[PDB]
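Reviewing the structure listed below.
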Amino acid sequence: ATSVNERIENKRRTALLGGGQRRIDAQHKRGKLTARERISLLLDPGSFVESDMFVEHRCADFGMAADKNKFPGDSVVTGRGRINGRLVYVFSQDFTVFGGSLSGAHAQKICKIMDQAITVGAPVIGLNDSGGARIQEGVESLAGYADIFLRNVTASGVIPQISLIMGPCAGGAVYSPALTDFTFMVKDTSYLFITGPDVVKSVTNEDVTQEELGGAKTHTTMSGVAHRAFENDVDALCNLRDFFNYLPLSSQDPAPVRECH
Amino acid sequence: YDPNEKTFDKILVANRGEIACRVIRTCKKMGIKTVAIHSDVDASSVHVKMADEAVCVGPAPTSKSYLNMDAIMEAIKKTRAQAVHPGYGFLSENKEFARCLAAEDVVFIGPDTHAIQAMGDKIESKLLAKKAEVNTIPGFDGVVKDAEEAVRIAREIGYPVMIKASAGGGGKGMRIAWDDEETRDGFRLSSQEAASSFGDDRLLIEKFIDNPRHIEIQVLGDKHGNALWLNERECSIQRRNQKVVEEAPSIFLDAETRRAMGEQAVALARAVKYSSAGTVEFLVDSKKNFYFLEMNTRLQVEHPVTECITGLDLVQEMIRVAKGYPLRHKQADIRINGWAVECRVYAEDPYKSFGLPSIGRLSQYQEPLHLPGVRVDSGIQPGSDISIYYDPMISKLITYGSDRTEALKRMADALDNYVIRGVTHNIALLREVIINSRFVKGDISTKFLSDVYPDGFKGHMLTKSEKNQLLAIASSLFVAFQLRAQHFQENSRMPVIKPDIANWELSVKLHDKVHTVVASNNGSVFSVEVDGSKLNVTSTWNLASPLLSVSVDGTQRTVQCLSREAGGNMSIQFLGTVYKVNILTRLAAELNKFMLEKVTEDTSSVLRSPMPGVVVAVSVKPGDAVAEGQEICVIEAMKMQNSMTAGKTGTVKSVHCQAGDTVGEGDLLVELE
Amino acid sequence: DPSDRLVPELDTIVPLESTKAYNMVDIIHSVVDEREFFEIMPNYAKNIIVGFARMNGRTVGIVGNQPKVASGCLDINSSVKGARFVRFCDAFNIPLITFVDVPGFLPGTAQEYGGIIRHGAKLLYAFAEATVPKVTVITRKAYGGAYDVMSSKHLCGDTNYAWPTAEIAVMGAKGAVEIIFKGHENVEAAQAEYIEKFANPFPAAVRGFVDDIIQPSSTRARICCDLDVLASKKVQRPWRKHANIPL
Ligand SMILES: CCC(=O)SCCNC(=O)CCNC(=O)[C@H](O)C(C)(C)COP(=O)(O)OP(=O)(O)OC[C@H]1O[C@@H](n2cnc3c(N)ncnc32)[C@H](O)[C@@H]1OP(=O)(O)O
Ligand SMILES: Nc1ncnc2c1ncn2[C@@H]1O[C@H](COP(=O)(O)OP(=O)(O)O)[C@@H](O)[C@H]1O
Ligand SMILES: *C(=O)CCCC[C@@H]1SC[C@@H]2NC(=O)N[C@@H]21
Ligand SMILES: [Mg+2]
C-alpha cells in the first residue's frame, strides 16, 4: 500500500484553497477575487491547462523549513488557454501566500511560461498582484526580477505583452508592467509605487497616503504610466477580452481581418 | 648590526609618519618586534602597516590622540611593551611623560628626567652652560626688573638689543631695538606681550650677532660617562625659523674651530649628565666666534645627513644605549667621509609666504631610487591623504658624494626625477636654492631667503638659451602628439590616407609673448626653428610615461607634462618650475584674433582664503572699513597660524568667517567694495 | 601605456564609513589610459557619469554612479542620460565599462508624479538589450532592484567584479530586521547578526553572482585582458522589425 494518492489530493486541495480560508475571506471582504476565478473569467470555459502545479519554494533560512511556511504553487498560477479560439499564455499572482512576494520558483515558472510563449509565438497576459520581493530569500529573489526583465526585453517587438495591475504592486516588481506593451489598472483597488508612504515621510518629511501616491487616478491622469482604468475586476476582464481580440498573435502574422457588414 | 646581542623584544613608537617608519625599519633590521599607535585618520598610514599590531588612541586632534597620556599608557599596558620611543615632537621632551613611564617598569629611550628639566628653560640653561666654561652670548644674565634697569643693562651690552621671551620659545617674544628710547619702548612692548604670553612674564635681554650662522654638533652619550661628538652640521637656509636645506660638513669651519666646538659640546653634555643622543646649537659670526644657543634633548630631524659622512646608525646606537650597553666607539674612530646634502620636501605652495600649507590626496607618487647616491625618507605612499592636524612634511631627500660639487649635482638630478601629483610641493624653491650662485660659493646666513627674494619667490627666471630649449621641447611634444593621433589600425574597407606635411608652423604663447616656431620631423629627431635659431632635439617620445628624457643640442634634460588639453594649453615642468604655454597652428592663431576677450569680474575687492583650516579670530565685522596692511583674521592649520594682509581701502559688506568653523582653500571669505 | 600597470592609489579610496562620499571620477581617471576621459553632459544630472575613454588603445564607454552628489540615487534625468549613451554605444559597437555604487532610487512625491517608473524602465532596457561586451565593477553597494538596473550578471552581463569593501543586499539592515523579526521585538542581536552575515559580497559570491573578488590595485589589469577575449562576442536573438522602447 502506497500513500501517494491521498497526498496528491491533499496538495491539490491546498493549491485550490491557497494559504487558508481566513485569507480568502479577507480577499473577498475587499471586493477582490483570487487568481483562479480571474483566469476562468478571462479564458474560454473548459480551455485552460495549467503548468507546474507541484512546485515548492527552496528557502532554507529564517525558519521556512517547517510545513507552516510551505505552500504548493508558490503564489502563482501559470498556464495556457484560448480566447475566442486563439491561443494565449497567462500567469496570475496570489497575494494569499507571502503577499505574492517573488521567490525562486515564482520567477522560474514565469520565465518558463515566457520561454514557451516566445517559442510558439503566442501573446502573454499578466495579472499582477504582489507586494514586492521576498526578503528572506535574499539575492536569489533579486535575480528573479532580472531573469524576468531580460525576457521582457527579448520578447519586446516579437509577441504582444499585456499587463493588468489588480492590487498593490510595490518595489522592484513595478518594472515588469512598465516594460510591457500596454498597462491597465483597476480603480480604487490597485496601486503602483517604488516605495511606501512611510519611507517618503521618513526621508522627505512629507505626509501622503497610498491613494494619492500610487492610485489609479494618479497613474491615469498625470503620471502617464497606465493606459486605462476600469471600475472592477469583471469589467476589466471583459474589456481585456475584446482588446486582445483586436490585436494579432505575433509580428510574423498580418493584422487580423474580421467579417464586416 | 648584530642580532645576537640581547635587546628589547617589543618597542612602542609614540609618533607618526616618517620618524615612525624610520624607527620601525631600524627595529626590523635589528630583529625587534614593534608596536604602533595611530588616530582614526591615520588608520591607513604607511607606518601602521609596516609595524606589527596597531592601537587606536583617539580622535583626529593631537590634543586627544598623540598628546593623551592616558591612552598611551593604556596601550602600553595592553600590548605588554617594554620600551617606548617618542621620536621628535609631541611628548618627546615632556617632563611628566618620562616620570609616568619610568614609574612602573618602562624604560624610556632618551634623556633622563633631570636632563630634560635642566635643558627646558632659557634661564637656568644659560647659567649652567656658563658654569661649564662654554662660550655664551655676552648679554647680561638675570631677570629684568623695569625700564630703568633695562636701559642701564642696554648701556653696557652693546647698541643692538635683543628681547626674548623666557622658558618656552617657538618664535615668540623675539624683538629688536637699537636706540635707548627705542630700547625702552620695545622693552615695554615685550613686557606687555609677556603679560599676554603663556604666563612666564619674564624677559631676557641679549646681544645680536651680525649675519648669524647656525651650526650644530651631534653629541652621543651613555650612562657610563662617555660622550662623543659626531662632526658638525650647517643649517642656515630657514624660513619661519624652520630649516629646509641641510649640509653635514661645514664649509665655513676649519679643523681647529670644529675641535674646539666639539670639545665645548662634550663638556656641556658631561655637565648635564646626558645619557642619550642630542644636538647642541651654536651661532657663529664672520670672525668665527661661536656662542651657545639652546640644546635639543631628543633625536633631530636632520640626523640622517650626518649618518652619510660617519656610517653610523643613530637610532640603533641610542636604543643600545637605552638598553644599558657602553658605546663601542672612540673619539679617534669618527672621521668625515665625503659630503652630504639634505632637502626637506613639504606640502605647501612656495609662491606665497615661502610656503603656505595645502591639502589633498596623492594621485601618484614616485621616488628617484634608481639614481646614484640618493636616499629617500618618506612616510607616505600613492593614495595617501594629507590632513590639517599634523605637520605638512612630505619627505626628505639625501644625496652624498665625494665632495660638495658631486653632492649638489646629484641633488639637482634627483629633484627632477621626483613625481608628486595630487598636491602642491616646494620642489621649485629647493632647486632654485641649490643652484644659486651664493649657495655654491658658500656665503650664507640665517637671512639667506630674506635678501635673495626680498619680495618673495617668483619662480625660476630662465635665460634666452633655456627659453629656446623650452620652446623647442614644447613644440616637439605638440608635434609628437599630433603625429601619434594619426595612427589607426587597418580597416580594409575605407583605407586611411595619412596626410603628407613637411613643416609645422606654430604660434607659441609664453607668459605674455608670442613666438613663431617651425618644426620638422625625421623619425625620432626634431629640427626646430625658434625666431631664426636652430635647435635639434631627440628622444624616444614615450607619451605615456610621466618622465621624459630629451637631448637638445647635446644637452640632456628631463621634463614632465603635467596637463594638456585640446585647446592648446600645456603645463610643462622644466628645471623644477611649472610653465604654462599655448601652442596653436598659424591659421588657428590668425583666426583667434577675432575672438572677443572674456570678461573677468575679479579686480581685487576679493579676500579668498589662501589656505584651508579653522579661523581662530576675526578682527573685523560687516559694515566696517579696513586699512592697508591690516590683518583681517587668523587661520590656524598644520601647527601654524597665518593672517592675511591688506592693501586696498573699502567697506566690508559681509563677513563669512566665524570662530570654530572650517574654511576650505580658495573659499570666499571677505567681500568689500 | 602598459596594460598591466598597477593602481595602488585605489586601495584606500573607498572610506570605511558607509556615510562618507568619495569621487568616482578619480577612479575613472586612474583606470583609463593616460588619465584621459571625455565626459558627456558634465553639468546636467551630476549623480551619473558618462563618457568616452581608451583602454589599451580601444575606445570604450564609461558609465558610473557618483556617490558625491545625492548619494548616487537614481532619478528621472540620470536614467535618460545613461540610457541614450548606452544605446548609442551599442549601436556603434563600443564596449561598456560600469562602476556600480547605488543605494536605490530617489524617493518623493515629485519623482512619482513625474513618472520615475518609465525612465527606470528605459535605463533597465538600455542595459538589458546590450550586445556589446560589458564589464562591471561594484565598489561599495548595490541595493534593491537598482542592482539589476546597473547591468547585473543576470542581464546577459559578461564579467562582474566586486571590491573587498563592496556589499550587496536587498535593503538596509534596519528595514530587513523591521520586516523579518517583527514579533521578536529585539533588534539588538538581530541587527548585529544581519550585518555580520549579509553585509558582505560572499552571499553573492558563493551563489555565482560575481565572478571573483579582486583587489582594487589590480582593477585595470583585470579589465584589459577581458577586453581581449570579448572582442569576438556574437549573440543571436529572435527576429523583429524593432522592439518597443518605453519612450
Ligand atoms: C526589489 C526591491 C524590493 O526588494 S521591495 C521589498 C518590499 N519592501 C517593503 O517594504 C514591503 C512593502 N509592502 C507593503 O507595505 C504591503 O505589503 C502592501 C504592498 C502595502 C500591501 O498592503 P497590506 O494589505 O496592508 O499588507 P498586509 O498587512 O495585509 O500584509 C500581508 C502579508 O504580506 C507579507 N509581505 C508583503 N510583502 C512581503 C515581502 N516582500 N516579503 C515577505 N513578505 C511580504 C507580509 O509579511 C504580510 O504578512 P502578514 O500576513 O501581515 O503577517
Ligand atoms: N641672540 C640671537 N641673536 C641673533 N639671532 C638670534 C638670536 N636668538 C635667536 N636668533 C634666532 O632665533 C631663532 C630661533 O632661536 P631658537 O633658540 O633655536 O628657538 P627655537 O627652538 O624655536 O628654534 C634662530 O634661528 C636664530 O636665527
Ligand atoms: C606635529 O605633528 C609635531 C611633529 C612636527 C614638529 C617636530 S618637532 C620640532 C621639529 N621641528 C620641525 O620642523 N619638525 C619637528
Ligand atoms: Mg631652536
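Residue numbers start at 1 in each chain; chains themselves are named A, B, ... in the order of the C-alpha cells; ligands are numbered from 1 in the order shown.
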List every residue of chain A that has an atom at most 8 Å from any atom of chain C, giving for each one its closest atom pair and the distance in Å to one decimal, counting only C-alpha atoms, sorted by chain and then by ascending residue number, as JSON lines.
```
{"residue": "A:135", "atom": "CA", "partner": "C:170", "partner_atom": "CA", "distance": 6.8}
{"residue": "A:136", "atom": "CA", "partner": "C:180", "partner_atom": "CA", "distance": 7.4}
{"residue": "A:138", "atom": "CA", "partner": "C:170", "partner_atom": "CA", "distance": 6.4}
{"residue": "A:139", "atom": "CA", "partner": "C:169", "partner_atom": "CA", "distance": 6.3}
{"residue": "A:142", "atom": "CA", "partner": "C:145", "partner_atom": "CA", "distance": 6.5}
{"residue": "A:143", "atom": "CA", "partner": "C:154", "partner_atom": "CA", "distance": 6.4}
{"residue": "A:145", "atom": "CA", "partner": "C:145", "partner_atom": "CA", "distance": 7.7}
{"residue": "A:146", "atom": "CA", "partner": "C:154", "partner_atom": "CA", "distance": 5.8}
{"residue": "A:147", "atom": "CA", "partner": "C:154", "partner_atom": "CA", "distance": 6.3}
{"residue": "A:149", "atom": "CA", "partner": "C:128", "partner_atom": "CA", "distance": 7.8}
{"residue": "A:150", "atom": "CA", "partner": "C:155", "partner_atom": "CA", "distance": 5.8}
{"residue": "A:153", "atom": "CA", "partner": "C:125", "partner_atom": "CA", "distance": 6.5}
{"residue": "A:154", "atom": "CA", "partner": "C:129", "partner_atom": "CA", "distance": 7.4}
{"residue": "A:156", "atom": "CA", "partner": "C:243", "partner_atom": "CA", "distance": 5.1}
{"residue": "A:157", "atom": "CA", "partner": "C:243", "partner_atom": "CA", "distance": 4.0}
{"residue": "A:158", "atom": "CA", "partner": "C:240", "partner_atom": "CA", "distance": 5.8}
{"residue": "A:171", "atom": "CA", "partner": "C:145", "partner_atom": "CA", "distance": 7.8}
{"residue": "A:172", "atom": "CA", "partner": "C:145", "partner_atom": "CA", "distance": 5.1}
{"residue": "A:174", "atom": "CA", "partner": "C:117", "partner_atom": "CA", "distance": 7.5}
{"residue": "A:175", "atom": "CA", "partner": "C:121", "partner_atom": "CA", "distance": 6.0}
{"residue": "A:178", "atom": "CA", "partner": "C:118", "partner_atom": "CA", "distance": 6.2}
{"residue": "A:179", "atom": "CA", "partner": "C:121", "partner_atom": "CA", "distance": 6.3}
{"residue": "A:181", "atom": "CA", "partner": "C:244", "partner_atom": "CA", "distance": 7.2}
{"residue": "A:193", "atom": "CA", "partner": "C:112", "partner_atom": "CA", "distance": 7.2}
{"residue": "A:194", "atom": "CA", "partner": "C:107", "partner_atom": "CA", "distance": 7.7}
{"residue": "A:195", "atom": "CA", "partner": "C:107", "partner_atom": "CA", "distance": 6.9}
{"residue": "A:199", "atom": "CA", "partner": "C:107", "partner_atom": "CA", "distance": 7.8}
{"residue": "A:200", "atom": "CA", "partner": "C:108", "partner_atom": "CA", "distance": 5.7}
{"residue": "A:203", "atom": "CA", "partner": "C:107", "partner_atom": "CA", "distance": 7.8}
{"residue": "A:204", "atom": "CA", "partner": "C:108", "partner_atom": "CA", "distance": 6.5}
{"residue": "A:213", "atom": "CA", "partner": "C:109", "partner_atom": "CA", "distance": 6.9}
{"residue": "A:214", "atom": "CA", "partner": "C:112", "partner_atom": "CA", "distance": 7.8}
{"residue": "A:218", "atom": "CA", "partner": "C:113", "partner_atom": "CA", "distance": 7.6}
{"residue": "A:222", "atom": "CA", "partner": "C:113", "partner_atom": "CA", "distance": 6.8}
{"residue": "A:223", "atom": "CA", "partner": "C:113", "partner_atom": "CA", "distance": 5.2}
{"residue": "A:224", "atom": "CA", "partner": "C:115", "partner_atom": "CA", "distance": 6.9}
{"residue": "A:225", "atom": "CA", "partner": "C:115", "partner_atom": "CA", "distance": 6.7}
{"residue": "A:251", "atom": "CA", "partner": "C:240", "partner_atom": "CA", "distance": 7.1}
```
File dump, residues just selected, C-alpha atoms, as a PDB file, in the first residue's frame:
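Saved as selection-v7.pdb:
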```
ATOM      1  CA  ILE A 135      13.349  39.499   1.840  1.00  0.00           C
ATOM      2  CA  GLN A 136      14.127  36.134   3.445  1.00  0.00           C
ATOM      3  CA  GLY A 138      17.891  37.162  -0.326  1.00  0.00           C
ATOM      4  CA  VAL A 139      19.789  37.987  -3.510  1.00  0.00           C
ATOM      5  CA  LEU A 142      16.509  39.878  -6.945  1.00  0.00           C
ATOM      6  CA  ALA A 143      17.949  37.745  -9.749  1.00  0.00           C
ATOM      7  CA  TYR A 145      13.344  40.015 -11.421  1.00  0.00           C
ATOM      8  CA  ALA A 146      16.388  40.136 -13.685  1.00  0.00           C
ATOM      9  CA  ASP A 147      15.522  36.732 -15.139  1.00  0.00           C
ATOM     10  CA  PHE A 149      13.310  41.589 -17.067  1.00  0.00           C
ATOM     11  CA  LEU A 150      15.594  40.116 -19.725  1.00  0.00           C
ATOM     12  CA  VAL A 153      13.254  42.775 -23.446  1.00  0.00           C
ATOM     13  CA  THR A 154      13.976  39.718 -25.602  1.00  0.00           C
ATOM     14  CA  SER A 156       9.702  43.018 -26.915  1.00  0.00           C
ATOM     15  CA  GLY A 157       8.605  43.561 -30.504  1.00  0.00           C
ATOM     16  CA  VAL A 158       8.185  39.810 -31.082  1.00  0.00           C
ATOM     17  CA  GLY A 171       9.088  47.598  -5.025  1.00  0.00           C
ATOM     18  CA  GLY A 172      11.091  46.264  -7.952  1.00  0.00           C
ATOM     19  CA  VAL A 174       6.682  47.500 -10.820  1.00  0.00           C
ATOM     20  CA  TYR A 175       9.225  47.475 -13.658  1.00  0.00           C
ATOM     21  CA  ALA A 178       6.435  49.239 -17.458  1.00  0.00           C
ATOM     22  CA  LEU A 179       8.367  47.032 -19.910  1.00  0.00           C
ATOM     23  CA  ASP A 181       3.261  46.976 -24.435  1.00  0.00           C
ATOM     24  CA  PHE A 193       4.834  52.913  -6.340  1.00  0.00           C
ATOM     25  CA  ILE A 194       8.549  52.347  -5.840  1.00  0.00           C
ATOM     26  CA  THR A 195       8.413  52.979  -2.080  1.00  0.00           C
ATOM     27  CA  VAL A 199       9.668  55.932   3.625  1.00  0.00           C
ATOM     28  CA  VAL A 200       8.539  59.177   1.971  1.00  0.00           C
ATOM     29  CA  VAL A 203      13.034  60.893   4.236  1.00  0.00           C
ATOM     30  CA  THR A 204      11.332  63.910   2.651  1.00  0.00           C
ATOM     31  CA  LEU A 213       0.912  58.316  -4.182  1.00  0.00           C
ATOM     32  CA  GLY A 214       0.178  55.386  -6.493  1.00  0.00           C
ATOM     33  CA  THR A 218      -2.748  59.386 -10.333  1.00  0.00           C
ATOM     34  CA  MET A 222      -0.947  62.839 -14.606  1.00  0.00           C
ATOM     35  CA  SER A 223       1.734  60.134 -14.284  1.00  0.00           C
ATOM     36  CA  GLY A 224       1.216  58.676 -17.758  1.00  0.00           C
ATOM     37  CA  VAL A 225       2.216  55.140 -16.749  1.00  0.00           C
ATOM     38  CA  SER A 251       4.881  40.223 -35.550  1.00  0.00           C
TER      39      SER A 251
END
```
Within-10 Å residues of ligand 2, basis only C-alpha atoms and all ligand atoms, as an mmCIF file with N, CA and C atoms, in the first residue's frame:
```cif
data_model
loop_
_atom_site.group_PDB
_atom_site.id
_atom_site.type_symbol
_atom_site.label_atom_id
_atom_site.label_comp_id
_atom_site.auth_asym_id
_atom_site.auth_seq_id
_atom_site.Cartn_x
_atom_site.Cartn_y
_atom_site.Cartn_z
ATOM 1 N N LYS B 122 65.218 78.734 29.226
ATOM 2 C CA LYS B 122 66.368 79.517 28.796
ATOM 3 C C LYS B 122 67.002 80.318 29.924
ATOM 4 N N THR B 136 79.197 81.799 25.669
ATOM 5 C CA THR B 136 77.807 82.223 25.607
ATOM 6 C C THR B 136 77.744 83.647 25.074
ATOM 7 N N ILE B 137 76.534 84.072 24.726
ATOM 8 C CA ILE B 137 76.339 85.444 24.247
ATOM 9 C C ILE B 137 76.687 86.415 25.370
ATOM 10 N N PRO B 138 77.430 87.495 25.102
ATOM 11 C CA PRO B 138 77.861 88.384 26.192
ATOM 12 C C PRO B 138 76.736 89.221 26.782
ATOM 13 N N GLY B 139 75.492 88.923 26.416
ATOM 14 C CA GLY B 139 74.371 89.618 27.015
ATOM 15 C C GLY B 139 74.275 89.353 28.505
ATOM 16 N N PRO B 160 72.999 97.116 19.595
ATOM 17 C CA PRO B 160 71.867 96.225 19.293
ATOM 18 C C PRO B 160 71.346 95.558 20.559
ATOM 19 N N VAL B 161 70.022 95.491 20.678
ATOM 20 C CA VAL B 161 69.348 94.994 21.875
ATOM 21 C C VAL B 161 68.297 93.976 21.451
ATOM 22 N N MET B 162 68.468 92.737 21.913
ATOM 23 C CA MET B 162 67.530 91.637 21.727
ATOM 24 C C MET B 162 66.677 91.481 22.975
ATOM 25 N N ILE B 163 65.364 91.375 22.795
ATOM 26 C CA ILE B 163 64.474 90.996 23.885
ATOM 27 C C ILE B 163 63.811 89.674 23.517
ATOM 28 N N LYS B 164 63.799 88.736 24.464
ATOM 29 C CA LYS B 164 63.329 87.382 24.215
ATOM 30 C C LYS B 164 62.423 86.921 25.349
ATOM 31 N N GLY B 168 59.527 78.741 27.348
ATOM 32 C CA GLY B 168 59.149 78.283 26.023
ATOM 33 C C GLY B 168 59.444 79.333 24.966
ATOM 34 N N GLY B 169 59.925 78.871 23.814
ATOM 35 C CA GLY B 169 60.244 79.760 22.715
ATOM 36 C C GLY B 169 59.311 79.600 21.534
ATOM 37 N N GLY B 170 59.793 78.961 20.473
ATOM 38 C CA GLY B 170 58.989 78.782 19.276
ATOM 39 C C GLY B 170 58.689 80.061 18.527
ATOM 40 N N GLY B 171 59.657 80.967 18.442
ATOM 41 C CA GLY B 171 59.488 82.193 17.680
ATOM 42 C C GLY B 171 58.456 83.158 18.222
ATOM 43 N N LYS B 172 58.428 83.366 19.536
ATOM 44 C CA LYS B 172 57.539 84.338 20.153
ATOM 45 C C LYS B 172 58.323 85.190 21.141
ATOM 46 N N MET B 174 60.340 87.550 20.484
ATOM 47 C CA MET B 174 61.670 87.863 19.975
ATOM 48 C C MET B 174 61.603 89.195 19.237
ATOM 49 N N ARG B 175 62.213 90.235 19.810
ATOM 50 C CA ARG B 175 62.088 91.571 19.246
ATOM 51 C C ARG B 175 63.403 92.338 19.313
ATOM 52 N N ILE B 176 63.431 93.399 18.505
ATOM 53 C CA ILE B 176 64.608 94.181 18.149
ATOM 54 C C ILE B 176 64.507 95.564 18.778
ATOM 55 N N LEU B 204 64.317 88.278 28.642
ATOM 56 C CA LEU B 204 65.765 88.121 28.570
ATOM 57 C C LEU B 204 66.307 89.164 27.603
ATOM 58 N N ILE B 205 67.282 89.944 28.056
ATOM 59 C CA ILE B 205 67.945 90.941 27.224
ATOM 60 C C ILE B 205 69.274 90.368 26.750
ATOM 61 N N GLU B 206 69.602 90.601 25.481
ATOM 62 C CA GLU B 206 70.706 89.882 24.861
ATOM 63 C C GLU B 206 71.323 90.712 23.741
ATOM 64 N N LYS B 207 72.458 90.224 23.245
ATOM 65 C CA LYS B 207 73.197 90.860 22.164
ATOM 66 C C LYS B 207 72.976 90.113 20.851
ATOM 67 N N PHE B 208 72.968 90.863 19.752
ATOM 68 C CA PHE B 208 72.882 90.297 18.410
ATOM 69 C C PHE B 208 74.254 89.941 17.863
ATOM 70 N N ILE B 209 74.282 88.914 17.029
ATOM 71 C CA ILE B 209 75.436 88.567 16.213
ATOM 72 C C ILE B 209 75.077 88.855 14.763
ATOM 73 N N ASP B 210 75.914 89.633 14.084
ATOM 74 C CA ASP B 210 75.619 90.064 12.724
ATOM 75 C C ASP B 210 75.882 88.935 11.736
ATOM 76 N N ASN B 211 74.935 88.734 10.823
ATOM 77 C CA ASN B 211 74.973 87.644 9.856
ATOM 78 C C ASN B 211 75.211 86.297 10.545
ATOM 79 N N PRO B 212 74.267 85.835 11.363
ATOM 80 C CA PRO B 212 74.497 84.602 12.124
ATOM 81 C C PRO B 212 74.551 83.382 11.220
ATOM 82 N N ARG B 213 75.385 82.424 11.607
ATOM 83 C CA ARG B 213 75.414 81.101 11.002
ATOM 84 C C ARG B 213 75.057 80.075 12.066
ATOM 85 N N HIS B 214 74.081 79.228 11.762
ATOM 86 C CA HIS B 214 73.567 78.253 12.716
ATOM 87 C C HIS B 214 74.310 76.937 12.522
ATOM 88 N N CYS B 235 73.141 74.457 8.980
ATOM 89 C CA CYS B 235 71.706 74.639 8.737
ATOM 90 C C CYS B 235 71.393 76.130 8.858
ATOM 91 N N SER B 236 71.421 76.832 7.729
ATOM 92 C CA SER B 236 71.177 78.267 7.706
ATOM 93 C C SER B 236 69.990 78.679 6.852
ATOM 94 N N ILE B 237 69.640 77.906 5.825
ATOM 95 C CA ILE B 237 68.537 78.249 4.930
ATOM 96 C C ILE B 237 67.241 77.941 5.673
ATOM 97 N N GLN B 238 66.622 78.970 6.247
ATOM 98 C CA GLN B 238 65.413 78.809 7.040
ATOM 99 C C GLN B 238 64.381 79.854 6.646
ATOM 100 N N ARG B 239 63.110 79.475 6.762
ATOM 101 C CA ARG B 239 62.005 80.421 6.701
ATOM 102 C C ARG B 239 61.045 80.094 7.833
ATOM 103 N N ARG B 240 60.493 81.138 8.454
ATOM 104 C CA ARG B 240 59.639 80.991 9.635
ATOM 105 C C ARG B 240 60.353 80.207 10.734
ATOM 106 N N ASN B 241 61.665 80.425 10.851
ATOM 107 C CA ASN B 241 62.506 79.739 11.835
ATOM 108 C C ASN B 241 62.395 78.221 11.712
ATOM 109 N N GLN B 242 62.411 77.723 10.475
ATOM 110 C CA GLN B 242 62.343 76.292 10.214
ATOM 111 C C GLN B 242 63.314 75.938 9.097
ATOM 112 N N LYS B 243 64.124 74.907 9.323
ATOM 113 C CA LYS B 243 65.153 74.516 8.370
ATOM 114 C C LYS B 243 64.553 73.776 7.180
ATOM 115 N N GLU B 281 73.414 73.567 19.644
ATOM 116 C CA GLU B 281 73.358 74.568 18.587
ATOM 117 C C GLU B 281 74.184 75.792 18.960
ATOM 118 N N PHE B 282 74.900 76.331 17.976
ATOM 119 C CA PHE B 282 75.750 77.495 18.157
ATOM 120 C C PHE B 282 75.476 78.513 17.059
ATOM 121 N N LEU B 283 75.727 79.778 17.383
ATOM 122 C CA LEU B 283 75.661 80.878 16.430
ATOM 123 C C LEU B 283 77.079 81.377 16.186
ATOM 124 N N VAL B 284 77.474 81.449 14.917
ATOM 125 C CA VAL B 284 78.836 81.791 14.524
ATOM 126 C C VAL B 284 78.793 83.028 13.637
ATOM 127 N N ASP B 285 79.662 83.993 13.928
ATOM 128 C CA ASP B 285 79.747 85.225 13.159
ATOM 129 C C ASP B 285 80.751 85.066 12.019
ATOM 130 N N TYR B 291 78.865 81.093 19.766
ATOM 131 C CA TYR B 291 78.171 81.291 21.029
ATOM 132 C C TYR B 291 77.076 80.244 21.173
ATOM 133 N N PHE B 292 76.946 79.699 22.380
ATOM 134 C CA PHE B 292 75.971 78.648 22.636
ATOM 135 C C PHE B 292 74.549 79.183 22.507
ATOM 136 N N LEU B 293 73.659 78.351 21.964
ATOM 137 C CA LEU B 293 72.256 78.727 21.800
ATOM 138 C C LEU B 293 71.421 77.449 21.820
ATOM 139 N N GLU B 294 70.826 77.152 22.979
ATOM 140 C CA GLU B 294 69.863 76.064 23.149
ATOM 141 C C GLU B 294 70.477 74.679 22.967
ATOM 142 N N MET B 295 69.865 73.675 23.593
ATOM 143 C CA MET B 295 70.232 72.277 23.414
ATOM 144 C C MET B 295 68.962 71.459 23.238
ATOM 145 N N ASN B 296 68.962 70.562 22.256
ATOM 146 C CA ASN B 296 67.818 69.702 21.979
ATOM 147 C C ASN B 296 68.079 68.321 22.566
ATOM 148 N N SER B 445 73.729 82.846 5.320
ATOM 149 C CA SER B 445 73.396 83.235 6.683
ATOM 150 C C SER B 445 71.940 82.873 6.945
ATOM 151 N N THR B 446 71.477 83.176 8.159
ATOM 152 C CA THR B 446 70.096 82.885 8.525
ATOM 153 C C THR B 446 69.096 83.702 7.718
ATOM 154 N N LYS B 447 69.531 84.808 7.113
ATOM 155 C CA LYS B 447 68.671 85.652 6.292
ATOM 156 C C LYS B 447 68.903 85.431 4.801
#
```
Please identify all protein, DNA and RNA residues within 9 Å of ligand 3, counting only C-alpha atoms and all ligand atoms, and report them as a PyMOL selection string. chain B and resi 15-17+62+66+87-90+92+241-244+300-301+389-393+638-639
Expected file: the selected residues, C-alpha atoms, as a PDB file, in the first residue's frame:
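The file below, out-v6.pdb, is the result:
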```
ATOM      1  CA  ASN B  15      54.933  59.155  16.928  1.00  0.00           C
ATOM      2  CA  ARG B  16      53.540  59.139  13.391  1.00  0.00           C
ATOM      3  CA  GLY B  17      54.617  59.432   9.789  1.00  0.00           C
ATOM      4  CA  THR B  62      46.531  65.792  18.532  1.00  0.00           C
ATOM      5  CA  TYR B  66      49.071  61.751  20.373  1.00  0.00           C
ATOM      6  CA  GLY B  87      60.818  60.219  18.096  1.00  0.00           C
ATOM      7  CA  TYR B  88      60.727  64.010  17.920  1.00  0.00           C
ATOM      8  CA  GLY B  89      57.902  66.369  18.796  1.00  0.00           C
ATOM      9  CA  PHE B  90      54.724  65.585  20.712  1.00  0.00           C
ATOM     10  CA  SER B  92      59.484  63.636  23.170  1.00  0.00           C
ATOM     11  CA  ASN B 241      62.506  79.739  11.835  1.00  0.00           C
ATOM     12  CA  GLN B 242      62.343  76.292  10.214  1.00  0.00           C
ATOM     13  CA  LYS B 243      65.153  74.516   8.370  1.00  0.00           C
ATOM     14  CA  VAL B 244      64.704  73.389   4.755  1.00  0.00           C
ATOM     15  CA  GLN B 300      66.800  65.700  15.442  1.00  0.00           C
ATOM     16  CA  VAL B 301      65.038  65.864  12.086  1.00  0.00           C
ATOM     17  CA  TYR B 389      46.087  68.456  12.012  1.00  0.00           C
ATOM     18  CA  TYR B 390      49.728  67.390  11.556  1.00  0.00           C
ATOM     19  CA  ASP B 391      52.965  68.765  10.147  1.00  0.00           C
ATOM     20  CA  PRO B 392      52.932  69.186   6.335  1.00  0.00           C
ATOM     21  CA  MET B 393      56.226  67.295   5.905  1.00  0.00           C
ATOM     22  CA  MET B 638      49.032  72.395  10.355  1.00  0.00           C
ATOM     23  CA  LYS B 639      50.710  73.617  13.559  1.00  0.00           C
TER      24      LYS B 639
END
```
